[PDB]
Structures are given as C-alpha cells and as structure tokens.
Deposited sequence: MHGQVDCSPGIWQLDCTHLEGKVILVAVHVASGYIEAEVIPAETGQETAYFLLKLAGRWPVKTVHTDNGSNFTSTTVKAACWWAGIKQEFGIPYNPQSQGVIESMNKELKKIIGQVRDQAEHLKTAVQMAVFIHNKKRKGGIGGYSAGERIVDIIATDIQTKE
C-alpha cells in the first residue's frame, strides 16, 4: 500500500491517553502518552510526525478526532489530507503488559514497547523499523 498513509488513534491505559500512529505500509509505530485526548494534542503530534516522515494522508478510527479547527490547521500547515475509507493496538498493549514492571511510568513503558515492536524481526526477516525506512527510500530511489 501507499508509503505516505498513516493511521492515528488514542487507547487508554491506567487512566492515561496513548496516542498511537501506525505507518500502514510497514507496521512501524510512533506513540506518545498525552495528558488529555484533545485537538491541541493531536495537532501537535501531527506536526511532529509530518516533520519526520513524508506524511500524505492520515486515517483514523475515530473520525470526530479530526474535526477541530486546531487539527485542521495542523494538516493545512503540513499539507496532510484525511483518509475516509492492525489492530496494532492489541499487540502494543500486549508488549506494554510485558514490560510494565521495567519502568515506573506508563510513558516509559510505552516507549519501551514502541522500541520492542519496531525492532522485532518478522522472520519471513525485516523489522517494522527496517521496512519503513526501506519503503520510503525505495520510494525516493
């Protein structure tokens, strides 16, 4: 599938909000514990994302997430469009579960789990980390 498609959603765990972005074509993840599930947090996260990867369109499973003028301003500025028409959210949460006692804060456990997931070779042998980079460079060259 297309190299500029991302999925963005918020799970909850321990009374906190985890924003999770998946690079659809590769399965690569960025996630962030956010204080509140708001347009401002989402806008900000999108700007961070877009400055790091070529982000053409973003899908979500909660469309209402994308209605705030704040979010609209961020996709306007970065040049992003919504997607209208895995779950890595289960798996990520499987991994957080495993590493939870290795860290005091949920946020640290999240980043441990992002790390584990992104490196883990899918022997059949690339990792998600290796695939996104290969796909985006592939698509340069």
TODO: Go through the deposited sequence from residue 1 and tell me which stretches lack C-alpha coordinates, in order.
DONE: 1-6, 92-102, 142-143, 161-163
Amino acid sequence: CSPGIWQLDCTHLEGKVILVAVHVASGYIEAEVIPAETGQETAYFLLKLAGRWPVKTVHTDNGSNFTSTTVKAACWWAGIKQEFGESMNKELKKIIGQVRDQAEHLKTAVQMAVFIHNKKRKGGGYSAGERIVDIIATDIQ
From here on, numbers count along this sequence of modelled residues.
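Throughout, rigid core stands for the largest set of C-alpha atoms superposing within 1.5 Å between the two forms.
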Task: Between stretches 75-83 and 110-118, more displaced by Cα RMS in 4 other deposited structures of this protein (rigid core superposition) - done: 75-83
Open item on the list: Could you find out if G125 - modelled in this structure - is missing from at least a third of the other PDB entries compared that contain residues on either side?
Closed with: no
Task: Stretch with the higher entry mean CA B-factor, where the candidates are 87-95 and 69-77 - done: 87-95
- [ ] With reference to the PDB entry, specify whether the mean Cα temperature factor is higher for 18-26 or for 114-122.
- [x] 114-122
Task: Options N62, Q82, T42, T108 - largest CA temperature factor per the record - done: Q82
Open item on the list: Considering every modelled residue of the chain and its Cα B-factor in the PDB entry, is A36 in the lowest, middle or highest third?
Closed with: highest
Open item on the list: By the recorded C-alpha temperature factor, relative to the other modelled residues in its chain, which third is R100 in?
Closed with: highest
